[PDB]
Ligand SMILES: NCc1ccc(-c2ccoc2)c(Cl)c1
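Heads up, the chain below is alone and in the form deposited without this ligand; it's given as structure tokens.
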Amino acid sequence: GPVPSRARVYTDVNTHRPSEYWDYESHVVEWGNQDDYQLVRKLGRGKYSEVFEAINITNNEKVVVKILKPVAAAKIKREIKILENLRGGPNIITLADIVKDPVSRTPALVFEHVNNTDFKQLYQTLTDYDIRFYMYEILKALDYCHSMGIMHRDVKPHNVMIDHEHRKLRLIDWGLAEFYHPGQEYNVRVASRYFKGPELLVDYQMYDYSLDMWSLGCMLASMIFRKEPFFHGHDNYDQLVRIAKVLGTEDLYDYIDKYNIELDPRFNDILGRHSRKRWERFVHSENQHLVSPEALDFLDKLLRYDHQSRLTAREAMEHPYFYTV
């Protein structure tokens, strides 16, 4: 069957640490006072939760309350443990408290407040310098969680909270985050469609932190080319076809051959034959000021089929693209 794969960085961070750090199931949750928080307005609902803008009435400070919908016991424990392990880390959303919601009866996570400006209005405004700056801020969060044995698995614009006025950035929603264990097979049903790495799209289960780097490359390509999303698939199968019309089919077949992966036969009548496109093909008069040889070289090293051949978050911070910043 498929050839096994290992991360080329932070491979053994979890195996050396004690069981308490990564075994979230055995984690004991130290509850806080639900009454300390007063719900002001609903900010959004999600697939697994409802997010509220709130006020901690002890210190009169704005907070964010994330009330978890009844989904699974294990997922909830995992999110708490990952947030507690990454608390204080560069650009990681700070878990201020864990209270039990009186209505829902499920736990409600309390976070610090970040004055985010809508990505739809923010992506249409970023300068070349800002893309670089914010990309470097995301990279700090990605290298920190990866160094700590954690892969986010849901990197997208909506999971990046930007206080553009204070030039603050937070990587949020660690609900899909998982502990990396070498050789462990994971669920390919992670991340949002447009940011799904080819490993997810081909059903390759032995993936790692490099999955976050492909997702970051998708975000980069959307920002520098002013094309939202960059790879616009109608479904999970058309998603792979979208990647293939840019990266080519030969490198896709080379990748599936390397890991001895069997592609779903449904791809035979839709995948076609595609040559790899040169990046300057997506450059035009409305995005050219955001594009540079450094931007294209950096993007080219993120958007690789082979999860093993992608830049790691630390190498990505070393890129000439970040010299200006």
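Each residue number is its position in the shown sequence, starting from 1.
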| property | result |
| --- | --- |
| Of 53-61 and 266-274, the stretch whose C-alpha atoms average the higher B-factor in the entry | 53-61 |
| Stretch exceeding the other in mean C-alpha B-factor - 315-323, 1-9 | 1-9 |
| Among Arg167, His146, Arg193, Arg242 - the residue whose C-alpha B-factor is largest in the record | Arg167 |
| Residue of maximum C-alpha B factor among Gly175, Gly183, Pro229, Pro90, per deposited coordinates | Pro229 |
| Among modelled residues of the same chain, the CA temperature factor third for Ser19 | highest |
| Assigned third (lowest, middle, highest) for the C-alpha B factor of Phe119 | highest |
| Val160 by Cα B-factor - lowest, middle or highest third of the modelled chain | middle |
| Third of chain Cα B-factors occupied by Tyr129 | lowest |
| Relative C-alpha B-factor of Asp212, binned into the chain's lowest, middle or highest third | lowest |
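One more form of this protein should be noted, the form solved in complex with this ligand, which is absent from this view; the next part is about it.
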{"property": "This ligand in the deposited complex: contacted by all of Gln34, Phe119 and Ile131, heavy atom 4.5 Å", "result": "yes"}
{"property": "Contact test in the deposited complex: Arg87 vs this ligand, heavy atoms, 4.5 Å", "result": "no"}
{"property": "Contact test in the deposited complex: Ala191 vs this ligand, heavy atoms, 4.5 Å", "result": "no"}
{"property": "Proximity of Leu299 to this ligand in the deposited complex, heavy atoms at 4.5 Å", "result": "no"}
{"property": "Distance check, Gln184 to this ligand in the deposited complex, heavy atom within 4.5 Å", "result": "yes"}
{"property": "The unique member of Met219, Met213, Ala141, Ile150 whose heavy atoms fall within 4.5 Å of this ligand in the deposited complex", "result": "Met219"}
